[PDB]
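Structural overview
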Amino acid sequence: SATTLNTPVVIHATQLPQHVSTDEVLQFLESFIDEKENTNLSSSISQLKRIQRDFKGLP
Amino acid sequence: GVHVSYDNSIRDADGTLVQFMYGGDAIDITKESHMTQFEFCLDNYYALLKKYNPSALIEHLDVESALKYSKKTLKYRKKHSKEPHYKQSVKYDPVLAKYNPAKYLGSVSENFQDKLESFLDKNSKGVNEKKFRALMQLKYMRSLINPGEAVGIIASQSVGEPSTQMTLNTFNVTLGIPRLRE
Amino acid sequence: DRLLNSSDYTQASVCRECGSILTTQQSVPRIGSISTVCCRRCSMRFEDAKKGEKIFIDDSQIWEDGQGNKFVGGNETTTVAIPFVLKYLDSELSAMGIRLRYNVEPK
Amino acid sequence: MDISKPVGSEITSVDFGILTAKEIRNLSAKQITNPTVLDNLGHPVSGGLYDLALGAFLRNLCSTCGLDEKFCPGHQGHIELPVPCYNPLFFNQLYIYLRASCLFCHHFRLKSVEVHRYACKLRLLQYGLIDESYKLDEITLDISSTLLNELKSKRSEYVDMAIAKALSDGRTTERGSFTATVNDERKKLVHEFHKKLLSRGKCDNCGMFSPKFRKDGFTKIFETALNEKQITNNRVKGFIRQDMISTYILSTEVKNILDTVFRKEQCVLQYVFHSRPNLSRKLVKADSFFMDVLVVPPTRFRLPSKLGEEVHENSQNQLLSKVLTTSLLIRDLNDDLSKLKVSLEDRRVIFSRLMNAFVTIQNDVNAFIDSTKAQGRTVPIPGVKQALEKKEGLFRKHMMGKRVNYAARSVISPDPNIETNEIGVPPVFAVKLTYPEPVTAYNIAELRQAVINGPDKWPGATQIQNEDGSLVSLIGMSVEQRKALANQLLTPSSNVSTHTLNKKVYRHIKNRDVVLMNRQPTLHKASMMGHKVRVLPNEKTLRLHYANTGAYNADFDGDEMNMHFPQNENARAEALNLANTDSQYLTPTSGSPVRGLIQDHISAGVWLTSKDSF
Amino acid sequence: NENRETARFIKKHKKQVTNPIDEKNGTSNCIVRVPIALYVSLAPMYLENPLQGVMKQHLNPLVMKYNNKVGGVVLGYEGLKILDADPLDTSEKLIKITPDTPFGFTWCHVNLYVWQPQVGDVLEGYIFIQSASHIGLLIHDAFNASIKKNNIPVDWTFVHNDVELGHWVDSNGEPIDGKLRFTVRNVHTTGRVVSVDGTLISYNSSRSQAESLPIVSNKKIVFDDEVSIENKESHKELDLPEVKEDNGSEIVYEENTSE
Amino acid sequence: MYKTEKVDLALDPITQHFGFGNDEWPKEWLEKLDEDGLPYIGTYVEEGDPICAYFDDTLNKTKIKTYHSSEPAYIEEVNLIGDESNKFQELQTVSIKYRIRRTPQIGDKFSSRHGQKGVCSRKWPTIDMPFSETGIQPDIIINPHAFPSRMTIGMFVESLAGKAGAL
Amino acid sequence: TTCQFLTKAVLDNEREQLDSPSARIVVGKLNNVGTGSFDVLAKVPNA
Amino acid sequence: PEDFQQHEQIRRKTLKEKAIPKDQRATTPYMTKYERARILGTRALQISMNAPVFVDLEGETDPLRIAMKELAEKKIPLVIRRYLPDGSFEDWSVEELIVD
Amino acid sequence: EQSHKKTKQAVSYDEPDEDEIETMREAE
Ligand SMILES: [Zn+2]
Ligand SMILES: [Zn+2]
Ligand SMILES: [Zn+2]
């Protein structure tokens with residue numbers, strides 16, 4: 001927990017954050033979930049699937 | 001801080017230059033022993049030729065640039081032999097000043113050059129006088145002080161450690177440690 | 001190995017913003033929150049942080065000490081491997097009013 | 001040092017500066033006001049040197065970071081000085097600037113054009129350009145102000161151009177070039193500047209004389225009254241003032257004189273106090289030479305020394321308590337001063353009370369920093385300067401040299417049956433000296449046995465380090481637990497935060513290990529070589545071969561040798577390929593051998609190689 | 001110089017990019033793409049596959065968790081690129097190794113998709129639970145949100161459920177629908193899971209310095225409930241010493257005399 | 001090697017008393033000390049073992065003076081001395097003598113009466129030792145390379161004189 | 001004269017570049033002589 | 001965000017300015033005694049942290065002897081960054097450097 | 001005298017407390 005091999009030394013935003021449309025978010029989610037599904041990461045994908053589900057349907 | 005840099009010069013901890021070359025020839029003292037023992041090296045030609053394996057080096061070095069220059073400096077040196085040091089030619093400076101000893105076969109100290117050439121003249125003896133010259137040129141190349149070597153500490157240790165042997169009194173001029181302190 | 005590794009090698013917290021080992025401290029967290037290394041020098045007293053329009057602190061910038069005082073900032077802290085005598089030296093030099101600034105990379 | 005614990009950040013450079021009073025007040029964990037250290041019953045008194053805000057003390061948790069005595073790093077505090085004090089280390093300097101300044105126009109008594117000449121030369125020297133600093137002296141046109149201001153303009157023009165020209169090329173960076181020769185030229189100028197500054201008697205700007213300042217051994221300044229020739233000089237130059245619109249001197253008066261002088265002469269002092277250009281653009285203030293506060297180091301560095309049963313008070317706390325008593329006393333004197341006043345006339349007493357208050361706190365401040373600057377008390381307590389220079393000094397005794405872990409000492413005994421590159425290690429040392437060997441697929445078999453063997457059977461293991469960072473001692477455990485832990489060495493890490501890591505086994509020193517053999521005095525690097533460990537059973541002494549006798553200059557007349565056991569592979573490789581014995585056959589002094597056989601072997605050889613020997 | 005020093009602090013806490021309300025939805029877009037630069041460690045086990053290293057080691061524990069620097073919750077990463085320590089075409093790059101350990105350290109470039117919800121932002125959530133003092137919600141059915149009793153309108157009245165729980169009734173006099181629209185009052189990062197403190201009620205309220213004068217009655221409700229929560233929590237896991245009198249009698253602490 | 005220690009109780013009212021206090025008694029101390037609190041003369045002691053026992057009323061606890069040295073010993077002599085008093089007599093001073101056995105160890109120095117000192121390099125077995133025609137193996141072996149530099153010829157004549165006188 | 005050289009350093013507002021063997025030992029940095037006269041970098045195959 | 005992009009640009013610009021190209025490099029083609037020592041030590045350190053080994057360790061348990069075997073077959077995937085007194089450098093691979 | 005030097009682990013190099021201290025008794 002909070003070590004050099006666990007967390008990075010520094011994180012810096014190289015540019016200002018650019019907003020993305022509902023369709024771009026959904027296109028990214030589908031691309032990310034498919035690539036990661038292909039150990040504790042599984043629980044995060046489980047939560048990510050709920051966001052993707054909300055951006056097009058109802059829970 | 002004083003050590004050998006990758007550019008063969010003797011530099012201090014802060015990068016300030018102390019010497020342009022170690023003793024003016026860049027030779028490691030722990031190697032400069034049989035480097036003048038030419039008869040020894042000749043009797044062990046094939047043994048040393050196998051030691052200083054040149055087959056894996058011939059593609060990484062230059063075999064003529066320094067050797068040609070060495071003749072040009074020897075030419076002007078012989079011209080002003082009887083002439084004094086202040087009247088000597090300053091046209092061509094030493095081969096070590098112009099060519100890296102670890103990259104050019106022949107960029108050897110003029111002291112080594114004079115000693116090696118004198119041996120080949122005074123001793124006419126299946127080893128040719130030309131192939132032996134190359135082996136000794138290669139031996140000098142392999143006798144160079146390694147970049148990073150702490151020549152500073154080594155020097156003070158080389159003056160300090162034997163100055164313990166001169167703690168005893170005289171058996172007019174100041175001697176031993178008091179003179180060294182002066 | 002002799003003069004550091006097998007003597008007084010200590011992985012110590014340092015603030016990249018002011019370059020010091022003595023101002024850094026572990027923050028006191030709430031029941032659910034986690035403790036974070038924070039710099040006492042670079043951090044501002046919560047009440048003193050006053051205000052174009054009003055700005056809001058991102059929550060992750062507010063830390064609390066054992067005395068219960070809230071602070072804003074002083075989160076640009078990292079870890080460096082140093083001899084412990086350095087920490088004692090810096091401490092002694094600080095008594096004399098002398099400040100050592102350790103420039104730490106990456107920034 | 002742990003290879004499982006890498007560090008991503010590193011210190012590239014250290015900057016030397018002075019702590020400001022405003023800076024200390026903000027970082028401070030608690031204000032120290034009480035001279036007592038403990039309340040009744042045994043708890044630390046609030047506002048005292050042992051306050052829990054300065055860190056965990058007496059099985060209590062820290063009141064700043066909340067951690068216990070082990071994990072708490074300790075926290076800095078501060079003492080509020082009721083009156084400013086001269087910082088002992090910088091007194092000599094503030095004294096130089098006090099004697100060098102005019103008490104009327106509040107400029108240095110040296111002519112402005114001459115001062116600017118030094119500022120110019122010192123600015124050009126912030127960058128590596130000495131030739132240009134000398135070329136400035138060539139710039140030349142009782143002299144009118146319109147003419148002298150043109151000289152200052154032409155000189156400033158050359159300085160700005162010479163910097164920009166050298167900055168365009170690779171001659172100097174924005175941070176400025178700094179060499180030893182550059183440093184030599186700077187040191188020469190800063191000396192010459194102070195020499196010219198102190199030499200002037202009558203101020204070159206306004207022709208009025210200033211009263212000379214004298215000093216004693218302790219930090220205290222006096223003002224010598226002007227002579228009748230100089231008093232009449234003040235009168236005749238008194239009218240020109242209107243058209244434009246021995247006695248002790250207090251610390252406040254000196255600070256106030258230097259305050260205006262450091263403002264009015266800021267341009268030169270900017271380069272006098274900065275070795276390289278001042279990119280931070282910080283103002284050079286006089287209050288850097290003065291102390292309005294004192295930092296209280298953490299309780300961690302002021303713990304009471306325990307010798308057996310007796311628990312002795314820390315000497316720093318004693319000196320700090322003295323500063324606290326005087327501060328409370330001056331707070332009362334200033335409170336009584338605030339009360340009353342209509343009745344005055346005899347003001348020789350109120351100044352006498354003030355002089356005592358100032359000289360007493362100053363002495364207490366001095367006693368804490370540098371004892372050899374404090375008054376004699378009927379051996380004194382050492383100051384922080386004395387702490388850094390106790391004998392050889394903190395730098396020599398605890399930085400350049402250190403006592404080390406994983407090392408042993410023993411009388412050396414001769415041995416011709418071990419290799420010339422080996423050392424005979426007694427089994428006593430072999431069962432105590434361990435190496436942190438990370439468990440892998442290629443060495444799981446070797447380490448499992450070591451774990452089973454334990455800390456008393458060689459080749460064994462004293463401890464096992466898990467991938468979570470924790471340690472499991474094998475010392476108290478029986479063969480049953482050790483067998484169970486050995487079958488748990490190559491188990492995969494469940495935690496994703498430590499999957500990168502693998503367990504470590506703190507295994508006994510084996511016969512494949514490197515050791516650093518040392519025989520003092522270490523007059524040359526051959527007296528510290530790398531030897532191959534050879535554990536010899538039923539031994540109580542370090543066994544050494546006769547070939548090593550020369551290099552160490554060690555005779556087996558009851559001599560002692562130090563054995564160092566490096567704890568990582570980079571240190572191993574170095575002791576096996578660079579500092580190893582075999583690579584030390586020839587000394588670098590003359591390139592001659594320092595290794596060979598000594599007595600029996602020489603006599604044996606003359607007989608063995610003889611013609612008669614068949 | 002009086003305001004020049006304070007000006008640097010304002011720019012440190014200044015919101016870089018604000019979340020805009022669009023498409024007549026009334027809700028503000030909080031998902032944003034931000035390209036970042038990391039300085040990460042590389043394990044020796046990943047020396048033949050370094051990109052998998054940077055991913056499994058530092059980028060994977062980063063997703064579905066709030067990152068202070070980007071000012072939001074990392075929903076994922078896109079396009080990982082290792083910066084070569086050697087300035088140069090090939091896939092073979094080099095990374096600098098620490099002198100002390102076998103671990104290497106490198107600069108990395110990756111684009112992060114983060115959920116960045118600032119205060120004042122209008123968001124929608126599905127009502128999870130609804131107690132007498134708070135209303136539990138879920139933003140995108142993954143992010144926790146809560147509206148405290150004081151942040152709920154005065155006109156609204158809570159009703160307790162009898163025989164299996166409770167329900168809140170709005171100003172009109174009807175129960176509240178599954179999805180609820182609220183404004184962001186505060187965002188709590190420090191904790192385990194990101195929790196959004198929301199408001200359902202919203203400068204020139206001064207009537208001869210009346211705005212400056214606080215209504216003690218209203219200021220009490222928000223302070224008492226805050227203290228009551230803090231004190232009840234501090235009493236959880238509180239070990240007190242067992243006191244035995246000089247008779248052999250244990251002193252038992254119980255406010256209620258009878259059973 | 002014999003070493004003597006003085007256990008004095010002085011640090012005017014007597015507080016520390018030689019012996020053992022009632023009700024308080026830490027486990028297995030009676031193995032080293034007798035009923036009087038003094039140790040049994042002949043007992044083997046290591047560092048940490050109790051060398052004497054007493055009771056001080058100021059702390060109301062039974063304390064012991066520990067024996068501490070790297071070399072273990074045996075008690076040779078225990079003497080109780082109750083002097084510097086006329087009629088009010090009570091023991092406070094006791095002198096304890098330790099007998100430390102010292103066998104010749106590798107490192108110990110040995111020398112002839114000719115200034116030829118040398119450290120014990122090893123204790124060589126008689127089977128591995130060179131054996132004479134007579135059937136005698138030397139007690140001590142001196143290396144011949146010692147004599148050419150020292151020039152201790154007195155030892156050389158001492159060798160043939162000692163042999164002649166033994167026969 | 002540790003405190004004397006320290007005073008001179010502070011007054012110069014000096015930056016210790018940590019390039020001398022002594023300075024490196026003070027701050028726990030690897031000495032720039034011999035094995036410390038270069039850097040070791042690992043060749044990684046994946047882009 | 002804007003101030004970091006400039007800092008990164010300067011950092012990478014200075015790096016490129018110091019790098020001596022493969023053709024312009026003029027140091028010894030031989031691996032120094034110090035380079036060999038560090039390479040063997042660092043590679044041994046990597047081997048002990050379960051790093052992919054490119055040699056057949058026929059019953060070898062010492063990581064240094066494994067690192068020595070990898071050096072003999074020039075399978076050590078390391079690079080030496082030879083620094084000059086101005087800060088400039090020459091990147092030399094373990095493979096191309098000549099070993100005695 | 002040599003029995004004490006035998007066990008002492010030196011802080012630094014010998015010491016200048018001899019003639020060197022009287023030679024160092026001269027200012028610039
Ligand atoms: Zn800071
Ligand atoms: Zn603390
Ligand atoms: Zn004036």
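This entry, as listed in the PDB, derives from X-ray crystallography and reports a resolution of 3.27 Å.

The name given to chain B in the PDB entry is DNA-DIRECTED RNA POLYMERASE I SUBUNIT RPA190, with Saccharomyces cerevisiae as the source organism. The deposited entry bears the title "Structure of 14-subunit RNA polymerase I at 3.27 A resolution, crystal form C2-93".

Looking at the PDB entry, one finds chain A named DNA-DIRECTED RNA POLYMERASE I SUBUNIT RPA14, with Saccharomyces cerevisiae as its source organism.

1. Thoughts on the interface of chain D and chain C
If you look at the interface, chain D gives 67 residues, while chain C gives 48 residues. Linking chain D with chain C are three salt bridges, by the criterion used here. Here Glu-23 of chain D ties to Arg-99 of chain C by a salt bridge, and the two come within 2.9 Å at their closest N and O atoms. Linking chain D with chain C are 27 residue pairs in polar contact, by the criterion used here. Elements represented by at least two residues in the side of chain D that touches chain C include exactly β1 (10–18), α1 (21–27), β6 (290–296), α12 (348–369), α13 (384–388) and α14 (394–398) of chain D. The element that contributes the greatest number of residues to the side of chain D that touches chain C is β1 of chain D, accounting for nine residues. As defined by bridge partners, strand β8 (residues 98–105) of chain C adjoins β1 of chain D across eight bridges and the pair is classed as antiparallel. Each bridged residue has a counterpart across the sheet, and for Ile-98 of chain C the counterpart in β1 of chain D is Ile-18 of chain D.

2. A closer look at the interface of chain B and chain G
At the interface, eight residues of chain B touch eight residues of chain G. At the boundary of chain B with chain G, total buried surface from both sides reaches about 580 Å², with 58% on carbon and sulfur atoms. The largest contributions to the chain B side of the interface with chain G come from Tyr-6, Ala-13 and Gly-148 of chain B, which together make up 59% of the buried area. Looking at the side of chain B that touches chain G residue by residue, the classes come out as four nonpolar, three polar and one charged.

3. Notes on the sheet that holds strand β6 (residues 70–72) of chain C
All names here are of chain C. Read across the open sheet, the three strands follow the order β4-β6-β5; overall the sheet is antiparallel. Sheet topology places β4 (44–45) and β5 (62–64) at the edges, where each strand pairs with a single neighbour. Pairing geometry for β4 and β6, over two bridges, is antiparallel. Across the sheet, residue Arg-45 finds its bridge partner in β6, namely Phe-71.

4. Focus: the coordination of the zinc ion (ligand 1)
For a metal with four donors in a tetrahedral arrangement, the ideal angle between donors is 109.5 degrees, while six donors in an octahedron ideally sit at 90 or 180 degrees. All names here are of chain C. Within the protein, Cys-15 (SG), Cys-18 (SG), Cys-39 (SG) and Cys-42 (SG) serve as the donor atoms for the zinc ion (ligand 1), at 2.2 to 2.4 Å. Viewed at the metal, the four donor atoms of the zinc ion (ligand 1) are separated by angles of 101 to 122 degrees, and the geometry they form is tetrahedral. Read N to C, the donor residues that coordinate the zinc ion (ligand 1) are spaced as C-x2-C-x20-C-x2-C. Here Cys-15, found in strand β1 (residues 9–15), pairs with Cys-42, found in the loop between β3 (37–39) and β4; they are 27 residues apart in sequence, far enough to count as distant. The class for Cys-42 is partly exposed, based on a relative accessible area of 23%.

5. As for the sheet that holds β1 of chain D
Taken in spatial order, the three strands of this open sheet run β8(C)-β1(D)-β1(G), and their pairing is antiparallel. Only two strands of the sheet have a single partner each, and these edge strands are β8 of chain C together with β1 (15–16) of chain G. Where β1 of chain D and β1 of chain G come together, two bridges link them in antiparallel fashion. Across the sheet, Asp-15 of chain D pairs through a bridge with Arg-15 of chain G, a residue of β1 of chain G. Strands in contact with helix α1 (residues 2–12) of chain G are β8 of chain C together with β1 of chain D; relative to β1 of chain D, the strand with the most contacts, it is inclined by about 90 degrees.

Rules and cut-offs
Residues numbered from 1 in each chain as written, not as in the entry; some residues may be left out. Chains lettered and ligands numbered in written order. Part of a larger assembly, values for the part shown. Heavy atoms only, no water. Residues with missing side-chain atoms left out of burial classes, pairs and counts. Contact = heavy atoms within 4.5 Å. Salt bridge = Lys/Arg side-chain N within 4 Å of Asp/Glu carboxyl O. Polar contact = N/O pair within 3.5 Å; in protein donor to acceptor, adjacent residues only side chain to side chain. Helix = DSSP H or I, 4+ residues; strand = E, 2+ residues; numbered from the N terminus. Pairing = 2+ DSSP bridges. Buried area = accessible area lost by both parts, 1.4 Å probe. Nonpolar A, V, L, I, M, F, W, Y, C, P; charged D, E, K, R; others polar. Donors = N, O, S within 2.8 Å, 3.2 Å for Na, K, Ca; no water. Tetrahedral: all angles 85-135°; square planar, octahedral: opposite > 155°, others 65-115°. Buried < 20%, exposed > 50% of the residue type's maximum accessible area, 1.4 Å probe, protein only. Axes fitted to C-alpha atoms, helices over the stretch in contact; angles between N-to-C directions.

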